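Down below is the structure, laid out as structure tokens.
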Amino acid sequence: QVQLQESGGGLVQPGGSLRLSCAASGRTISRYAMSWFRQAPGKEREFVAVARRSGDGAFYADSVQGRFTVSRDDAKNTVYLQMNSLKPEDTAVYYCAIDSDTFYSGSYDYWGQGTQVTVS
Amino acid sequence: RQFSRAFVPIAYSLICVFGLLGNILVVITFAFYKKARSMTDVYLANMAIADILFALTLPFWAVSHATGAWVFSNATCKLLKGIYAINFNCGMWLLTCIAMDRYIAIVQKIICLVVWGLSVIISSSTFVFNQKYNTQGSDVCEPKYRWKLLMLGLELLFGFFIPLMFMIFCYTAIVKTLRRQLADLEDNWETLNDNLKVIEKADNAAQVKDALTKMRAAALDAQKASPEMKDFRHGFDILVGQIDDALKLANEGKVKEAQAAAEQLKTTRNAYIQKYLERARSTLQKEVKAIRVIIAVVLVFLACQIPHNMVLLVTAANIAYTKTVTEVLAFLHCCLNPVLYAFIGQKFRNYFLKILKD
Amino acid sequence: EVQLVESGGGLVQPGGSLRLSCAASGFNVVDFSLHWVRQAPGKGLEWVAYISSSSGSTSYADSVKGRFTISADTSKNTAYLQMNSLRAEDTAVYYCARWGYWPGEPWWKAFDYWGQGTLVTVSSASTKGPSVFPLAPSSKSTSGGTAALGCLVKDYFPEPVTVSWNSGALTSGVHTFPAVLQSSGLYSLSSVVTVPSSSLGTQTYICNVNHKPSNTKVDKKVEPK
Amino acid sequence: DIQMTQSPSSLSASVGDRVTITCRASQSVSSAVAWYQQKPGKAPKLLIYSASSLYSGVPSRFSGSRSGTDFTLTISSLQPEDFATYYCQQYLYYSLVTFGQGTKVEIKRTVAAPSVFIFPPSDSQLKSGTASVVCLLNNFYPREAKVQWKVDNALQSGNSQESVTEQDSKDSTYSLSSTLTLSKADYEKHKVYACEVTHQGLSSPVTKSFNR
Ligand SMILES: Cc1cn(C)nc1[C@H](Nc1c(Nc2ccnc(C(=O)N(C)C)c2O)c(=O)c1=O)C1(C)CCCC1
Ligand SMILES: O=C1CO[C@H](CNC(=O)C2(c3ccc(C(F)(F)F)cc3)CC2)CN1C12CC(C1)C2
């Protein structure tokens, strides 16, 4: 009964910005954890960022440090990913995953169709 | 509407003479009592000085209303709007520095001239605005019509959004501070009294150790809420110095000797605690009634001079009975301040009866 | 300075008895109450007992009532904690802390000066040497890049063991795991090395397990299959 | 009978961050709460006494506040020496001191996926009669990762022991070692031996296996 939908994307000039929104229906975003993944057309599924409950913090990968920012909305039951200072190497489909485990084990099962973010 | 201008000015003259008599009474009581001059006293004194500056010229408004239209020149009307403006903004900034001083007195000459300078800045901005627009054949004096309107709008935005919300924030902080301080003395006296009854009922199943730990927490907070200052702290050192004496004997199972040390709990409670909890209650209730005077002079300054001001702006940017009911409200506030001082302000009620029995 | 040291810690059998000392120098026991605070290995702190030397009042925690005995000696400025019937949950580090007396400010400074404490471990096993086994670098695991090695010790009873790699000539990449307790009452430890696989056939890797309580030094080699 | 609950079990921030740790007592404990800092392998040190006054000797970056029964320790600027364990403690009486669960302040880091290796037991241990299979997870962040054992596509429980190394000095990551310890006749009854790991930096679970 858990479905997930993402928005945003499109064509972005280098040095630009974007703000994706990921929201799930049938399951509350609160008390679970949110994660963002890249999928290049020629590469493997790469990690971007993970958001925990409330205010323990968010963790980003080695390529999106500083540029990316994750925000949560438990009342609206969604998350936002803000991309700044873009590069043409960042052209990938952004998948949105939810951690099923409360202890942040990484039980990643409920994926999404994702949005395509492309540069120039 | 000739009857409106016919029935305003006798009431205007009576509130004028009553206000000038009452405020000149206020200034001779300052002129006699110059010893306990608090910062509240001098701020309300400067408010009284602005009040007697406004109070002299309501006969000009009365004979302007009685003739049916304005009589004197436009500069006289500009001066009348200027002195009404310095009265309003003098009251605003004097209550603002009242909020300043009561915040820095509760929560933890030059500024009077600063208030007067801001008032005369307001007087200049209403000096450049006022003109006798003889509309519909009647030579009334109403201010009406690019940079001047924007300057007036930003001055209105500053002098309404900063001080009114500042009043709301500071006065809600004070009435959530002085109510919680009075509340903190209530449950501290409650569990020092309620749990002492539990100890005398604790021969059943050894509820002694559960009871005094509630009193150990409460009497530590009451100690945290000068030779007289030495006796306040020292009265609680033997109070919980015999709580742990009745807790040391509670650890060893001596319930009978715990009750013997519980009889000494009431002795220090009456000789050291009940004396100073009442003495702190009277001082706390004294300062919460002086706030009620400060709250009342603020809340009636925004219930009288503010709805007349918000109807002046809508009639200048672009129903006459709504204008008429507001035009008697702000002008009533000059005499309404000494009315509120005798029946709410507890300090003024003392020397007013002393002057009447002099 | 004023300071507190502890002593008497060691290894006892279950159901045994042990008396830790707590020597305080610079200050007197009759002016400050003395506490024993217990930290289980890997778990949080827990208070055990206290003694008030002036008033003679002692108190215990609920898990240690009857089994534990606390005392003090003002002549040597020492406090003693005597334990009988030490069950398997009683292995921990014991700290000796001081605390002021009411009234005044020394009661507010709760546990201002601590001691380093002693380790008290209870177990029914005896001292024996570790058994070292090679964790072989299988060739199919990341061929052409970097591989992982290691030698695993399985059954050794005292905690402090020392594992070195290539006689101390290797420092980059070695991860020596903390020793875990098995169900058999002994300890198992692993020390792994990540090397580049191009130097697997050229360079040799030697691990030295040094066990001073058993006086056992094992040099076992690790080689790919 | 007074329980203190420390809300952040594990806390991650870098140098220069401002961190807050909250503790809540069951009953009222007045203003008698202390905050202790324990480095690994050392005795705790008193930072805050009476829930607001910093101790004589500690730096001034540590602060304390009380709101009813909710106590708060705030470090305005984190330092390399500030990474340790923090305990809240009520001290209403000598015989009623209870400590918090503890808050471990680690180093904020980029997420690294674990390197997964599997070591079958050498013949020596096998010949012994008791065999141990090792699954090593090297150089990952954060700490929260799970390992499961799928012997002949069947999960195992109660036979695996995990040992986790703390943060390194150079790269400040974690490393895990899951050891499955079992007998000889049960090992020679099975063919496929796998360990499957899940981590927050990992999209699909990594299974490393062998056939013996
Ligand atoms: C008769 C007199 C002789 N003198 C010296 N001052 C007064 C009067 N002063 C008055 C109050 N003052 C305070 C009110 C609230 N709070 C504080 C305070 O917070 N502190 C801390 C004391 C006050 O001083 C009244 O009410 C009240 O009337 C006037 C200035 C106003 C009317 C006549 C002159
Ligand atoms: O004719 C006078 C005489 O002086 C008054 C005094 N009023 C003000 O000084 C201020 C004030 C505050 C609140 C409000 C309210 F609308 F929100 F209620 C309006 C104005 C601080 C600026 C205003 N005028 C005006 C008409 C145009 C302003 C000249």
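Naming works like this for the structure tokens: A, B, ... for the chains as they're shown, residue 1 at the start of each chain, ligands 1 onward in shown order.
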Mind listing the residues within 9 Å of ligand 1, only C-alpha atoms and all ligand atoms counted, as a tab-separated table (two decimals) with C-alpha atoms, in the first residue's frame?
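The resulting file, selection.tsv, is shown below:
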chain	number	residue	atom	x	y	z
B	23	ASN	CA	-2.68	66.79	35.25
B	25	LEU	CA	-2.55	68.15	40.21
B	26	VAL	CA	-0.24	65.33	39.05
B	27	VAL	CA	2.62	67.77	38.51
B	28	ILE	CA	2.25	69.45	41.94
B	29	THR	CA	2.31	66.01	43.57
B	30	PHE	CA	5.59	65.46	41.74
B	31	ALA	CA	6.67	68.99	42.77
B	32	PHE	CA	6.06	68.03	46.42
B	33	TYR	CA	7.16	64.35	46.26
B	34	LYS	CA	10.64	64.42	44.70
B	35	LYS	CA	12.13	61.68	46.90
B	36	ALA	CA	10.73	58.34	45.67
B	37	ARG	CA	11.02	59.33	42.00
B	38	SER	CA	11.17	56.03	40.14
B	39	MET	CA	11.85	55.60	36.44
B	40	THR	CA	8.15	54.77	36.01
B	41	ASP	CA	7.38	58.00	37.87
B	42	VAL	CA	9.50	60.20	35.60
B	43	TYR	CA	8.30	58.44	32.41
B	44	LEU	CA	4.66	58.96	33.37
B	45	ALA	CA	5.64	62.50	34.40
B	46	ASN	CA	6.90	63.20	30.88
B	48	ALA	CA	1.88	64.16	31.91
B	101	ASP	CA	12.86	49.55	32.03
B	102	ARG	CA	10.33	47.01	33.33
B	105	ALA	CA	13.95	45.34	36.03
B	287	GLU	CA	4.93	44.14	41.89
B	289	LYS	CA	-0.32	45.06	40.89
B	290	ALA	CA	2.01	47.81	39.66
B	291	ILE	CA	2.10	45.89	36.37
B	292	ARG	CA	-1.72	46.12	36.29
B	293	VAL	CA	-1.40	49.92	36.36
B	294	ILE	CA	1.18	49.78	33.55
B	338	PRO	CA	-6.17	60.76	35.96
B	341	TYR	CA	-4.97	56.49	38.32
B	342	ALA	CA	-7.23	56.83	41.37
B	344	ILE	CA	-6.56	51.29	39.64
B	345	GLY	CA	-3.21	52.76	40.67
B	346	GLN	CA	-2.76	51.88	44.34
B	347	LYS	CA	0.09	54.34	44.93
B	348	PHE	CA	-1.82	57.42	43.73
B	349	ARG	CA	-4.84	56.50	45.89
B	350	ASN	CA	-2.70	56.94	49.03
B	351	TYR	CA	-1.45	60.51	48.62
B	352	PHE	CA	-4.72	61.65	47.00
**Request:** Please determine the contact residues of chain B with respect to chain D at a cut-off of 10 Å, counting only C-alpha atoms, and supply them as JSON, numbers by chain.
**Result:** {"B": [210, 213, 214, 215, 216, 217, 218, 219, 220, 221, 222, 224, 244, 247, 248, 251]}
Cut-off 7 Å: closest chain B/ligand 2 atom pairs per residue, using only C-alpha atoms and all ligand atoms, as CSV:
residue,atom,partner,partner_atom_place_in_ligand_line,distance
B:81,CA,ligand 2,3 (C),5.0
B:82,CA,ligand 2,3 (C),6.4
B:84,CA,ligand 2,4 (O),5.8
B:85,CA,ligand 2,4 (O),3.7
B:88,CA,ligand 2,6 (C),5.7
B:89,CA,ligand 2,9 (O),5.5
B:122,CA,ligand 2,9 (O),5.6
B:126,CA,ligand 2,29 (C),4.9
B:129,CA,ligand 2,29 (C),6.3
B:143,CA,ligand 2,26 (C),6.3
B:152,CA,ligand 2,22 (C),6.9
B:155,CA,ligand 2,22 (C),5.7
B:156,CA,ligand 2,22 (C),4.3
B:159,CA,ligand 2,21 (C),5.2
B:160,CA,ligand 2,13 (C),6.1
B:306,CA,ligand 2,18 (F),4.7
B:307,CA,ligand 2,18 (F),6.0
B:308,CA,ligand 2,18 (F),6.9
B:309,CA,ligand 2,18 (F),3.9
B:310,CA,ligand 2,16 (F),3.3
B:311,CA,ligand 2,16 (F),6.7
B:312,CA,ligand 2,26 (C),5.7
B:313,CA,ligand 2,16 (F),5.5
**Message:** I'd like the contact shell of range 116-128 of chain D - 6 Å cut-off, only C-alpha atoms, skipping same-chain residues fewer than 6 positions apart - returned as a VMD selection string.
**Reply:** (chain C and resid 135) or (chain D and resid 134 to 137)
Residues just named, written with N, CA and C atoms as a PDB file, in the first residue's frame:
ATOM      1  N   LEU C 135      43.441 -16.374   7.919  1.00  0.00           N
ATOM      2  CA  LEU C 135      42.298 -15.983   7.098  1.00  0.00           C
ATOM      3  C   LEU C 135      42.838 -15.658   5.712  1.00  0.00           C
TER       4      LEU C 135
ATOM      5  N   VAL D 134      34.474 -15.924   8.678  1.00  0.00           N
ATOM      6  CA  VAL D 134      34.603 -14.499   8.960  1.00  0.00           C
ATOM      7  C   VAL D 134      34.015 -13.714   7.797  1.00  0.00           C
ATOM      8  N   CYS D 135      33.222 -12.693   8.111  1.00  0.00           N
ATOM      9  CA  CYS D 135      32.777 -11.715   7.127  1.00  0.00           C
ATOM     10  C   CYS D 135      33.223 -10.343   7.604  1.00  0.00           C
ATOM     11  N   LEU D 136      34.193  -9.766   6.905  1.00  0.00           N
ATOM     12  CA  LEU D 136      34.797  -8.496   7.277  1.00  0.00           C
ATOM     13  C   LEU D 136      34.187  -7.378   6.445  1.00  0.00           C
ATOM     14  N   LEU D 137      33.797  -6.301   7.118  1.00  0.00           N
ATOM     15  CA  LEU D 137      33.309  -5.081   6.486  1.00  0.00           C
ATOM     16  C   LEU D 137      34.296  -3.986   6.856  1.00  0.00           C
TER      17      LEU D 137
END
**Prompt:** When the cut-off is 7 Å and we count only C-alpha atoms, which residues of chain D are near chain A, given as a PyMOL selection string?
**Reply:** chain D and resi 11+110-111+144-146+198-201+203
**Asked** Do you have the CA of residue 21 in chain A-CA of residue 17 in chain D distance handy?
**Response**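 Separation of CA of residue 21 in chain A and CA of residue 17 in chain D: 27.4 Å.
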**Item:** Atomic distance CA of residue 18 in chain D - CA of residue 79 in chain D, expressed in Å with one decimal
**Value:**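 Between CA of residue 18 in chain D and CA of residue 79 in chain D the gap works out to 10.2 Å.
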